[PDB]
Amino acid sequence: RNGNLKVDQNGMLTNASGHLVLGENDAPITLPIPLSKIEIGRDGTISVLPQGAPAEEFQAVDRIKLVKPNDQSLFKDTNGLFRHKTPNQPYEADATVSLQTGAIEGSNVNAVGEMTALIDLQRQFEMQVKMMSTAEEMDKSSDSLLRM
Amino acid sequence: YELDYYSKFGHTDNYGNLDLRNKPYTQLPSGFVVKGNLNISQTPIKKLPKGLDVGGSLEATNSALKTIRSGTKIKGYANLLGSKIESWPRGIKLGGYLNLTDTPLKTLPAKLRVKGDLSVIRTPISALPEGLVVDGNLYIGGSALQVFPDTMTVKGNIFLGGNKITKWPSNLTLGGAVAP
Amino acid sequence: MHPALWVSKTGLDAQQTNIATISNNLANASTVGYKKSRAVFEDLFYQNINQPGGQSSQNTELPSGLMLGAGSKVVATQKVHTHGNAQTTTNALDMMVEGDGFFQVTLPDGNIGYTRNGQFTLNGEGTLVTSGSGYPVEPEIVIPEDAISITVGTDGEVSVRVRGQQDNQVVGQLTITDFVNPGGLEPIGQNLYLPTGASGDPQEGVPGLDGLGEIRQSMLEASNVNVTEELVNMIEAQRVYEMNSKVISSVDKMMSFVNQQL
Amino acid sequence: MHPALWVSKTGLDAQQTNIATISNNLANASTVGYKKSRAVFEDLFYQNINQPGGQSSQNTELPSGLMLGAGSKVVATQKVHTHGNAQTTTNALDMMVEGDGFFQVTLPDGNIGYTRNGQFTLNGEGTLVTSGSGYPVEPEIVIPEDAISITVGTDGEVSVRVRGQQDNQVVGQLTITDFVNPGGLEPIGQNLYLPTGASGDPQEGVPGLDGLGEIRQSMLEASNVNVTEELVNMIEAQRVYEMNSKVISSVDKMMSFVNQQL
Amino acid sequence: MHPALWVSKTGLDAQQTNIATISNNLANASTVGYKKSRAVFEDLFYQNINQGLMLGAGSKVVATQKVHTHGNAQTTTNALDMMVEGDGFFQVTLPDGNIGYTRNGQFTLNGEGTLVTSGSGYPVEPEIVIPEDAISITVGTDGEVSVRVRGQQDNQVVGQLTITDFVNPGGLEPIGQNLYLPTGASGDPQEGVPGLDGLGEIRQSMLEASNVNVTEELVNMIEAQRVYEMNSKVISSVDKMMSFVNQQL
Amino acid sequence: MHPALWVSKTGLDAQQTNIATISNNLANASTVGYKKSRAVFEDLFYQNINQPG
């Protein structure tokens with residue numbers, strides 16, 4: 001979900017995490033090296049302008065592969081990429097996903113939700129700690145049984 | 001399964017020692033490079049990827065290791081006591097000993113050089129290759145060997161381990177002795 | 001350390017880099033031809049704790065398949081190479097590029113550095129040099145002493161007016177460089193950029209053909225920083241910084257309770 | 001968490017949703033044909049903690065019939081479709097609907113989208129399109145290349161003036177759509193709406209008959225947001241946000257006292 | 001973080017672009033043949049949460065619409081500056097060789113007498129060359145350029161100007177210097193005699209003044225400033241709310 | 001610091017030059033063989049955020 005796209009010196013379209021962006025052909029999107037104006041469409045279409053070309057020669061070269069699968073069937077892997085729980089499952093390219101160009105999507109962490117969860121975890125952890133000391137206290141009393 | 005870029009990151013310490021003890025991995029990435037020691041003992045790995053480079057020692061005891069591809073480089077030793085390997089490839093860069101005790105090993109490449117001891121204890125190997133040079137001791141106890149190669153160099157003491165030797169090398173420079 | 005302590009610390013270091021790159025932008029809020037930078041964050045790797053086998057798809061929704069992150073980091077300080085506004089000055093020696101293009105100056109070590117800053121002047125010999133450290137502009141442009149005015153055309157063709165003869169005599173032609181990935185250029189200070197592998201090979205050509213920009217005389221390129229954007233991102237960076245401080249103290253209090261109670 | 005902690009947290013989430021709603025209204029304080037949204041709050045269900053059978057109309061004023069709430073929630077973000085003021089412009093291709101009615105445009109998927117924003121232009125072939133994404137307006141209106149003027153009547157009658165011939169040539173006519181429940185329309189951005197089940201079936205017709213609004217040329221409909229309302233709502237929302245924070249802090253201190261003293 | 005922080009930031013960015021266009025309109029309040037522009041606002045996508053609950057993402061300026069309304073006329077005594085009475089752009093030849101289309105009419109002569117622009121000196125297509133023997137320059141209402149020659153009855157014709165009209169003038173690409181470039185949405189260059197088939201007529205010794213409404217721009221600055229300050233207060237309020245929470249929670 | 005600040009600065013300088021041209025004409029209102037002057041305005045470059053068409 002990181003749309004901080006960039007174009008390397010070879011022309012391949014990647015993001016800030018250094019991941020190759022796929023296209024319609026299911027291959028990394030490679031754009032012509034000497035381009036002059038790159039615009040990403042609402043539907044994911046990539047339109048470029050060659051170096052020194054007139055403004056009426058805009059052409060579409062690729063379309064970003066946008067996928068909308070069931071969220072409950074995805075899991076976060078070790079590298080932050082969401083993948084299918086069932087392996088060897090192809091990712092169908094949905095035609096309903098739309099991209100709003102010129103903006104970056106941040107996180108969705110509810111900080112207050114984390115804070116109230118934090119204070120509850122501390123209290124539950126410090127009542128279990130008291131239980132551990134209570135069990136230790138009860139054992140020392142039983143040691144007096146065998147003192148004779 | 002297989003080993004990925006991040007799968008191996010969970011089995012590496014500060015000195016790059018890869019520990020795969022009893023891990024359910026079946027293979028390693030092609031052209032694998034390990035800075036330190038590699039431990040694949042008791043693993044279902046059947047074949048090592050080509051171009052493997054180990055900066056430390058190899059340990060695959062009681063594992064399913066059966067095939068090794070040529071060009072593998074090991075700075076330390078290769079401990080394969082109890083593996084399933086059947087044949088040793090030629091061109092392995094090994095800087096330590098080759099422990100093949102309790103292995104189904106049958107054949108060895110010609111002109112093999114071992115910089116330390118060689119143990120083929122309890123192995124069905126039939127004949128040591130001609131030109132075999134060992135810079136340490138020789139262990140052949142419980143093996144099927146009964147005939148030695150014409151020329152071999154064992155810098156250490158050859159230990160027979162019980163098997164009867166009917167033919168001795170014609171050109172043998174031994175720094176130690178021969179024990180039954 | 002308790003792993004929860006260092007996870008929160010990476011968030012603190014990530015914001016510290018964010019604060020550093022956000023104070024630099026506001027410091028260069030009046031620098032001519034300055035490109036703003038933004039800190040890009042990305043989460044660190046997740047490790048399987050209850051299943052060392054390394055299969056994160058078996059029972060990921062179960063305690064055995066639990067994965068815990070290692071924090072956050074700033075992966076890059078990305079330069080935003082958007083064109084800036086135009087400053088109309090009276091000096092005839094400062095120039096501007098309309099659109100894509102980079103000026104070329106020769107560094108003391110020999111290689112050339114590329115700049116958007118167009119604040120130029122003349123040295124004692126008369127060559128066109130930078131208004132700061134004084135690095136000459138490639139190609140060399142020497143102004144004759146008898147010249148009374150400098151005219152830089154839209155294609156960089158430098159001509160001077162000399163009395164006793166009509167028509168302006170041409171004494172040089174500027175040439176600008178464009179890059180496939182200008183964001184990969186290495187900033188070295190003094191309004192200079194050095195080419196890198198990620199930027200690509202320099203593409204040199206006349207300023208006005210093959211998609212290159214045009215040289216504008218008596219005009220300067222303002223810094224593209226958005227002072228309001230920096231202030232808004234400054235507000236977020238503080239609050240995220242404070243929140244990671246709260247959890248660190250929360251872990252400290254819990255651990256202090258353990259060895260005080262037990 | 002503790003029951004008291006989550007009750008206050010729901011109030012914090014509800015106020016967070018409320019502020020983001022009134023933040024949206026202030027951001028869209030200038031967009032043409034914008035309808036403000038207000039967050040509607042509702043109280044969550046009540047639990048009979050002391051009753052093992054869930055019967056309430058026996059002893060509601062006794063400890064047996066005690067019922068405890070679960071907090072609050074935002075049940076909906078209601079769009080207020082109040083008619084906005086008029087902006088008299090000189091561009092003759094932007095238009096306004098006086099009264100109930102929506103313009104209809106053709107989305108790229110083929111489905112028809114509805115808008116109140118009347119900022120329209122022409123495309124390369126003369127078809128009347130929106131001034132933003134460029135979607136065509138249904139029914140298609142093509143302006144001839146030789147037209148010197150464009151006149152849009154109150155009923156959508158698009159006529160043009162052509163030299164060499166008196167009397168205006170009518171090139172088409174616009175139609176507008178009305179909904180039984182305009183508040184049920186799905187906002188999809190771009191000042192565009194999509195029909196839904198809760199909205200009602202589209203009712204196309206002539207703009208000026210059968211109760212539909214009239215098309216006003218060279219005019220625009222300003223957003224109906226009240227900047228004063230949003231500032232007063234911010235004051236109430238911010239204060240309530242702080243009140244629930246003190247409750248959460250109070251519970252934390254209360255539970256901290258229990259395990260510190262006991 | 002807090003959604004209200006960045007939703008309000010969109011309003012700050014949207015109004016900043018809006019103010020930039022207003023200042024551009026006021027700056028070009030004396031430019032001949034300048035067309036004023038207004039910023040077109042549109043709301044961002046609405047997200048569906050808690051699942052019928054829609055939350056907006058802010059606002060943005062999606063386009064800068066140029067209003068090609070014909071400006072007033074300035075009567076000048078210069079014989080080389082002209083005007084288009086209606087729809088039509090003068091076509092000039094850029095150094096790249098492509099044709100740029102302009103509505104500014106301040107023209108002059110080069111050293112060789114070719115009619116060029118009074119600024120950068122770009123020639124006007126088709127080339128009109130005024131002979132040295134000419135004593136006056138007359139440009140007809142249909143682009144007919146003629147000069148008065150001493151010793152010869154009747155003005156001799158030295159060329160005929162043509163103008164180009166676009167179906168969508170707002171789709172042209174401004175590149176400065178009162179110049180436009182054809183685009184995909186502009187349409188096709190419709191060239192013909194200046195005065196037939198919807199084309200405007202050439203008016204000599206007249207200039208087309210800017211069409212900006214300086215009164216409107218000042219009122220537009222009033223609402224842009226207040227909405228900009230209105231959105232900043234939400235960010236300030238959200239900042240003090242988040243400061244309160246982590247100080248309290 | 002702000003795009004509107006830089007845009008309006010160019011407007012001020014343009015009118016500052018424009019006034020100096022008008023003041024010269026009125027100063028030379030009686031000079032023999034003096035030809036009047038008029039300042040020529042033009043708009044600066046346009047930043048291309050979204051390409052029309």
# chains A, B, ... in the order shown; residues from 1 in each chain; ligands from 1
>>> residues_around(residues="residue E:164", least_positions_apart="3", cutoff="8 Å", atoms="only C-alpha atoms", output="VMD selection string")
chain E and resid 88 to 91 101 189 to 192 199
>>> write_last_selection(atoms="N, CA and C atoms", output="tab-separated table (two decimals), in the first residue's frame")
chain	number	residue	atom	x	y	z
E	88	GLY	N	-9.95	33.72	-32.24
E	88	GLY	CA	-8.80	33.50	-33.10
E	88	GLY	C	-7.49	33.85	-32.43
E	89	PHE	N	-6.44	33.10	-32.76
E	89	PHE	CA	-5.11	33.31	-32.20
E	89	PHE	C	-4.13	33.59	-33.33
E	90	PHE	N	-3.26	34.58	-33.12
E	90	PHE	CA	-2.14	34.77	-34.02
E	90	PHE	C	-1.17	33.60	-33.89
E	91	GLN	N	-0.68	33.12	-35.02
E	91	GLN	CA	0.23	31.98	-35.06
E	91	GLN	C	1.65	32.48	-35.29
E	101	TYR	N	0.64	29.70	-30.62
E	101	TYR	CA	-0.54	30.50	-30.89
E	101	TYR	C	-0.72	31.53	-29.79
E	189	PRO	N	-6.25	22.63	-34.96
E	189	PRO	CA	-6.08	24.01	-35.44
E	189	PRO	C	-6.96	24.28	-36.65
E	190	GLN	N	-7.92	25.19	-36.46
E	190	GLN	CA	-8.87	25.56	-37.50
E	190	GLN	C	-8.41	26.90	-38.08
E	191	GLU	N	-7.66	26.83	-39.17
E	191	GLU	CA	-7.09	28.02	-39.80
E	191	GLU	C	-7.90	28.42	-41.02
E	192	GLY	N	-8.01	29.73	-41.22
E	192	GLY	CA	-8.76	30.24	-42.35
E	192	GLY	C	-8.61	31.74	-42.44
E	199	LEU	N	-14.31	32.87	-37.46
E	199	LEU	CA	-13.07	33.53	-37.11
E	199	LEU	C	-13.29	35.03	-36.91
>>> residues_around(residues="residue C:103", least_positions_apart="3", cutoff="8 Å", atoms="only C-alpha atoms", output="number ranges by chain")
C: 114-118, 137, 175-177
>>> write_last_selection(atoms="N, CA, C and O atoms", output="mmCIF file, in the first residue's frame")
data_model
loop_
_atom_site.group_PDB
_atom_site.id
_atom_site.type_symbol
_atom_site.label_atom_id
_atom_site.label_comp_id
_atom_site.auth_asym_id
_atom_site.auth_seq_id
_atom_site.Cartn_x
_atom_site.Cartn_y
_atom_site.Cartn_z
ATOM 1 N N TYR C 114 26.308 19.712 -10.737
ATOM 2 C CA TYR C 114 25.114 20.244 -11.373
ATOM 3 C C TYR C 114 24.275 21.000 -10.355
ATOM 4 O O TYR C 114 24.135 20.566 -9.207
ATOM 5 N N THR C 115 23.719 22.133 -10.776
ATOM 6 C CA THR C 115 23.020 23.025 -9.865
ATOM 7 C C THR C 115 21.769 23.590 -10.521
ATOM 8 O O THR C 115 21.701 23.744 -11.742
ATOM 9 N N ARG C 116 20.775 23.892 -9.685
ATOM 10 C CA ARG C 116 19.637 24.703 -10.096
ATOM 11 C C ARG C 116 19.824 26.173 -9.757
ATOM 12 O O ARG C 116 19.096 27.017 -10.290
ATOM 13 N N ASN C 117 20.775 26.491 -8.884
ATOM 14 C CA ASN C 117 21.057 27.876 -8.534
ATOM 15 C C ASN C 117 21.677 28.604 -9.718
ATOM 16 O O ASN C 117 22.650 28.138 -10.314
ATOM 17 N N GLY C 118 21.109 29.756 -10.056
ATOM 18 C CA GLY C 118 21.577 30.505 -11.204
ATOM 19 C C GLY C 118 22.250 31.812 -10.852
ATOM 20 O O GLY C 118 22.509 32.636 -11.733
ATOM 21 N N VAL C 137 31.714 28.217 -14.693
ATOM 22 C CA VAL C 137 30.582 27.562 -15.341
ATOM 23 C C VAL C 137 31.070 26.902 -16.623
ATOM 24 O O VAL C 137 31.804 27.515 -17.406
ATOM 25 N N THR C 175 24.936 25.563 -21.858
ATOM 26 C CA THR C 175 24.443 24.216 -22.110
ATOM 27 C C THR C 175 24.105 23.567 -20.776
ATOM 28 O O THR C 175 24.934 23.566 -19.863
ATOM 29 N N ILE C 176 22.900 23.014 -20.671
ATOM 30 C CA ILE C 176 22.403 22.466 -19.414
ATOM 31 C C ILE C 176 22.301 20.951 -19.526
ATOM 32 O O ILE C 176 22.266 20.385 -20.625
ATOM 33 N N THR C 177 22.256 20.296 -18.370
ATOM 34 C CA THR C 177 22.226 18.846 -18.272
ATOM 35 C C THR C 177 20.935 18.389 -17.607
ATOM 36 O O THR C 177 20.466 19.009 -16.649
#
>>> residues_around(residues="residue B:177", least_positions_apart="4", cutoff="12 Å", atoms="only C-alpha atoms", output="list in words")
residues 137, 138, 154, 155, 156, 157, 158, 159, 160, 172 and 173 of chain B
>>> closest_residue(among="A:55, A:78, A:44, A:28", to="chain B", atoms="only C-alpha atoms")
A:78
>>> calpha_fit_rmsd(fixed="chain D", moving="chain C")
0.4 Å
>>> residues_around(residues="residue F:39", least_positions_apart="6", cutoff="10 Å", atoms="only C-alpha atoms", output="list in words")
residues 30 and 31 of chain E; 14, 15, 17, 18, 19, 20, 21 and 22 of chain F
>>> write_last_selection(atoms="N, CA, C and O atoms", output="PDB file, in the first residue's frame")
ATOM      1  N   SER E  30      -2.307  44.172 -16.523  1.00  0.00           N
ATOM      2  CA  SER E  30      -2.000  45.099 -17.600  1.00  0.00           C
ATOM      3  C   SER E  30      -1.460  44.405 -18.839  1.00  0.00           C
ATOM      4  O   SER E  30      -1.136  45.085 -19.819  1.00  0.00           O
ATOM      5  N   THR E  31      -1.351  43.079 -18.824  1.00  0.00           N
ATOM      6  CA  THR E  31      -0.836  42.349 -19.975  1.00  0.00           C
ATOM      7  C   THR E  31      -1.872  42.331 -21.092  1.00  0.00           C
ATOM      8  O   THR E  31      -3.050  42.043 -20.858  1.00  0.00           O
TER       9      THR E  31
ATOM     10  N   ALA F  14       7.042  44.828 -12.257  1.00  0.00           N
ATOM     11  CA  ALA F  14       6.529  45.150 -13.585  1.00  0.00           C
ATOM     12  C   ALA F  14       5.875  46.525 -13.606  1.00  0.00           C
ATOM     13  O   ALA F  14       6.084  47.305 -14.542  1.00  0.00           O
ATOM     14  N   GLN F  15       5.080  46.845 -12.582  1.00  0.00           N
ATOM     15  CA  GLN F  15       4.458  48.163 -12.532  1.00  0.00           C
ATOM     16  C   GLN F  15       5.461  49.240 -12.142  1.00  0.00           C
ATOM     17  O   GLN F  15       5.302  50.401 -12.534  1.00  0.00           O
ATOM     18  N   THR F  17       8.566  49.293 -13.212  1.00  0.00           N
ATOM     19  CA  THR F  17       9.153  49.624 -14.506  1.00  0.00           C
ATOM     20  C   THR F  17       8.159  50.378 -15.384  1.00  0.00           C
ATOM     21  O   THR F  17       8.541  51.288 -16.129  1.00  0.00           O
ATOM     22  N   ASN F  18       6.878  50.011 -15.309  1.00  0.00           N
ATOM     23  CA  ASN F  18       5.864  50.665 -16.128  1.00  0.00           C
ATOM     24  C   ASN F  18       5.739  52.145 -15.782  1.00  0.00           C
ATOM     25  O   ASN F  18       5.607  52.991 -16.675  1.00  0.00           O
ATOM     26  N   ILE F  19       5.781  52.476 -14.490  1.00  0.00           N
ATOM     27  CA  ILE F  19       5.656  53.868 -14.067  1.00  0.00           C
ATOM     28  C   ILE F  19       6.857  54.681 -14.531  1.00  0.00           C
ATOM     29  O   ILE F  19       6.718  55.840 -14.940  1.00  0.00           O
ATOM     30  N   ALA F  20       8.054  54.091 -14.474  1.00  0.00           N
ATOM     31  CA  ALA F  20       9.253  54.808 -14.899  1.00  0.00           C
ATOM     32  C   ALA F  20       9.200  55.149 -16.384  1.00  0.00           C
ATOM     33  O   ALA F  20       9.803  56.134 -16.827  1.00  0.00           O
ATOM     34  N   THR F  21       8.489  54.340 -17.171  1.00  0.00           N
ATOM     35  CA  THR F  21       8.307  54.654 -18.584  1.00  0.00           C
ATOM     36  C   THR F  21       7.336  55.814 -18.769  1.00  0.00           C
ATOM     37  O   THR F  21       7.550  56.686 -19.618  1.00  0.00           O
ATOM     38  N   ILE F  22       6.258  55.837 -17.982  1.00  0.00           N
ATOM     39  CA  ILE F  22       5.287  56.924 -18.065  1.00  0.00           C
ATOM     40  C   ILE F  22       5.908  58.231 -17.594  1.00  0.00           C
ATOM     41  O   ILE F  22       5.659  59.299 -18.168  1.00  0.00           O
TER      42      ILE F  22
END
>>> closest_atom_pairs(of="chain F", to="chain E", cutoff="8 Å", atoms="only C-alpha atoms", output="Markdown table")
| residue | atom | partner | partner_atom | distance |
| --- | --- | --- | --- | --- |
| F:3 | CA | E:20 | CA | 5.9 |
| F:4 | CA | E:20 | CA | 4.8 |
| F:7 | CA | E:24 | CA | 6.1 |
| F:8 | CA | E:23 | CA | 5.8 |
| F:10 | CA | E:27 | CA | 7.1 |
| F:11 | CA | E:27 | CA | 4.3 |
| F:12 | CA | E:27 | CA | 7.7 |
| F:40 | CA | E:119 | CA | 7.4 |
| F:41 | CA | E:31 | CA | 5.0 |
| F:42 | CA | E:177 | CA | 5.1 |
| F:43 | CA | E:176 | CA | 5.1 |
| F:44 | CA | E:176 | CA | 4.6 |
| F:45 | CA | E:176 | CA | 4.2 |
| F:46 | CA | E:175 | CA | 5.7 |
| F:50 | CA | E:63 | CA | 7.7 |
| F:51 | CA | E:173 | CA | 8.0 |
| F:52 | CA | E:171 | CA | 5.8 |
| F:53 | CA | E:185 | CA | 4.3 |
>>> write_last_selection(atoms="N, CA, C and O atoms", output="PDB file, in the first residue's frame")
ATOM      1  N   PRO F   3       4.178  30.895  -2.565  1.00  0.00           N
ATOM      2  CA  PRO F   3       4.093  31.158  -4.011  1.00  0.00           C
ATOM      3  C   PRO F   3       3.445  32.490  -4.349  1.00  0.00           C
ATOM      4  O   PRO F   3       3.854  33.144  -5.313  1.00  0.00           O
ATOM      5  N   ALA F   4       2.440  32.911  -3.577  1.00  0.00           N
ATOM      6  CA  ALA F   4       1.778  34.179  -3.859  1.00  0.00           C
ATOM      7  C   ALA F   4       2.709  35.359  -3.605  1.00  0.00           C
ATOM      8  O   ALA F   4       2.591  36.403  -4.259  1.00  0.00           O
ATOM      9  N   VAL F   7       4.907  35.649  -6.765  1.00  0.00           N
ATOM     10  CA  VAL F   7       4.132  36.064  -7.929  1.00  0.00           C
ATOM     11  C   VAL F   7       3.801  37.551  -7.851  1.00  0.00           C
ATOM     12  O   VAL F   7       3.881  38.274  -8.851  1.00  0.00           O
ATOM     13  N   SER F   8       3.434  38.031  -6.660  1.00  0.00           N
ATOM     14  CA  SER F   8       3.083  39.439  -6.510  1.00  0.00           C
ATOM     15  C   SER F   8       4.311  40.340  -6.570  1.00  0.00           C
ATOM     16  O   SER F   8       4.192  41.515  -6.931  1.00  0.00           O
ATOM     17  N   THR F  10       6.759  39.957  -8.716  1.00  0.00           N
ATOM     18  CA  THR F  10       6.932  40.211 -10.142  1.00  0.00           C
ATOM     19  C   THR F  10       5.927  41.238 -10.642  1.00  0.00           C
ATOM     20  O   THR F  10       6.224  42.015 -11.557  1.00  0.00           O
ATOM     21  N   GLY F  11       4.727  41.251 -10.060  1.00  0.00           N
ATOM     22  CA  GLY F  11       3.759  42.276 -10.413  1.00  0.00           C
ATOM     23  C   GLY F  11       4.193  43.662  -9.977  1.00  0.00           C
ATOM     24  O   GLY F  11       4.008  44.639 -10.709  1.00  0.00           O
ATOM     25  N   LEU F  12       4.767  43.771  -8.776  1.00  0.00           N
ATOM     26  CA  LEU F  12       5.237  45.064  -8.292  1.00  0.00           C
ATOM     27  C   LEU F  12       6.375  45.600  -9.148  1.00  0.00           C
ATOM     28  O   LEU F  12       6.398  46.787  -9.491  1.00  0.00           O
ATOM     29  N   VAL F  40       5.922  46.909 -22.490  1.00  0.00           N
ATOM     30  CA  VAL F  40       5.299  45.705 -23.030  1.00  0.00           C
ATOM     31  C   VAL F  40       5.335  44.632 -21.953  1.00  0.00           C
ATOM     32  O   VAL F  40       6.416  44.187 -21.546  1.00  0.00           O
ATOM     33  N   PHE F  41       4.161  44.214 -21.495  1.00  0.00           N
ATOM     34  CA  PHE F  41       4.038  43.177 -20.482  1.00  0.00           C
ATOM     35  C   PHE F  41       3.918  41.806 -21.136  1.00  0.00           C
ATOM     36  O   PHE F  41       3.468  41.679 -22.277  1.00  0.00           O
ATOM     37  N   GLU F  42       4.324  40.777 -20.396  1.00  0.00           N
ATOM     38  CA  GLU F  42       4.107  39.402 -20.818  1.00  0.00           C
ATOM     39  C   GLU F  42       4.119  38.503 -19.591  1.00  0.00           C
ATOM     40  O   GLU F  42       4.825  38.767 -18.615  1.00  0.00           O
ATOM     41  N   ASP F  43       3.321  37.441 -19.649  1.00  0.00           N
ATOM     42  CA  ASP F  43       3.249  36.498 -18.543  1.00  0.00           C
ATOM     43  C   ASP F  43       4.465  35.577 -18.533  1.00  0.00           C
ATOM     44  O   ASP F  43       5.017  35.225 -19.579  1.00  0.00           O
ATOM     45  N   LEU F  44       4.879  35.191 -17.331  1.00  0.00           N
ATOM     46  CA  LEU F  44       6.017  34.302 -17.161  1.00  0.00           C
ATOM     47  C   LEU F  44       5.597  32.854 -17.406  1.00  0.00           C
ATOM     48  O   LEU F  44       4.451  32.558 -17.753  1.00  0.00           O
ATOM     49  N   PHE F  45       6.545  31.937 -17.219  1.00  0.00           N
ATOM     50  CA  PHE F  45       6.293  30.527 -17.481  1.00  0.00           C
ATOM     51  C   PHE F  45       5.208  29.990 -16.554  1.00  0.00           C
ATOM     52  O   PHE F  45       4.950  30.532 -15.477  1.00  0.00           O
ATOM     53  N   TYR F  46       4.565  28.912 -16.991  1.00  0.00           N
ATOM     54  CA  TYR F  46       3.522  28.243 -16.227  1.00  0.00           C
ATOM     55  C   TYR F  46       4.020  26.875 -15.780  1.00  0.00           C
ATOM     56  O   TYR F  46       4.464  26.071 -16.606  1.00  0.00           O
ATOM     57  N   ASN F  50      -0.458  19.269 -13.959  1.00  0.00           N
ATOM     58  CA  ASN F  50      -1.223  18.310 -14.743  1.00  0.00           C
ATOM     59  C   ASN F  50      -1.275  18.786 -16.187  1.00  0.00           C
ATOM     60  O   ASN F  50      -1.644  19.934 -16.452  1.00  0.00           O
ATOM     61  N   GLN F  51      -0.905  17.910 -17.108  1.00  0.00           N
ATOM     62  CA  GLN F  51      -0.863  18.271 -18.519  1.00  0.00           C
ATOM     63  C   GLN F  51      -2.274  18.393 -19.079  1.00  0.00           C
ATOM     64  O   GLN F  51      -3.056  17.441 -18.973  1.00  0.00           O
ATOM     65  N   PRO F  52      -2.646  19.531 -19.665  1.00  0.00           N
ATOM     66  CA  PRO F  52      -3.939  19.607 -20.359  1.00  0.00           C
ATOM     67  C   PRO F  52      -3.927  18.700 -21.580  1.00  0.00           C
ATOM     68  O   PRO F  52      -2.957  18.668 -22.337  1.00  0.00           O
ATOM     69  N   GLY F  53      -5.017  17.959 -21.763  1.00  0.00           N
ATOM     70  CA  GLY F  53      -5.080  16.944 -22.787  1.00  0.00           C
ATOM     71  C   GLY F  53      -4.471  15.617 -22.396  1.00  0.00           C
ATOM     72  O   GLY F  53      -4.524  14.671 -23.192  1.00  0.00           O
TER      73      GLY F  53
END
>>> select_by_dssp(residues="stretch 82-259 of chain C", states="strand (DSSP E or B)", output="VMD selection string")
chain C and resid 86 to 88 95 to 98 102 to 106 112 to 115 120 to 122 127 to 130 136 to 137 142 149 to 152 157 to 161 169 to 173 176 to 178 186 to 189 192 to 194 203 to 205 207 209 214 to 217 219 to 221
>>> residues_around(residues="stretch 227-243 of chain E", least_positions_apart="4", cutoff="9 Å", atoms="only C-alpha atoms", output="number ranges by chain")
A: 112; C: 232, 235-236, 239, 242; D: 19, 23, 26-27, 29-30, 227, 231, 234-235, 238-239, 241-242; E: 2, 4-6, 8-9, 11-16, 222-223, 247-248
>>> interface_residues(of="chain E", to="chain D", cutoff="6 Å", atoms="only C-alpha atoms", output="JSON, numbers by chain")
{"E": [4, 8, 11, 41, 42, 43, 44, 45, 46, 53, 56, 58, 59, 67, 167, 168, 185, 186, 187, 197, 198, 249]}
>>> interface_residues(of="chain D", to="chain A", cutoff="10 Å", atoms="only C-alpha atoms", output="VMD selection string")
chain D and resid 1 to 2 5 to 6 8 to 10 12 to 13 16 108 to 109 133 245 248 to 249 251 to 252 255 to 256 258 to 260 262
>>> atom_distance(atom1="atom CA of residue C:140", atom2="atom CA of residue C:104")
10.3 Å
>>> interface_residues(of="chain A", to="chain F", cutoff="12 Å", atoms="only C-alpha atoms", output="count of residues only")
17
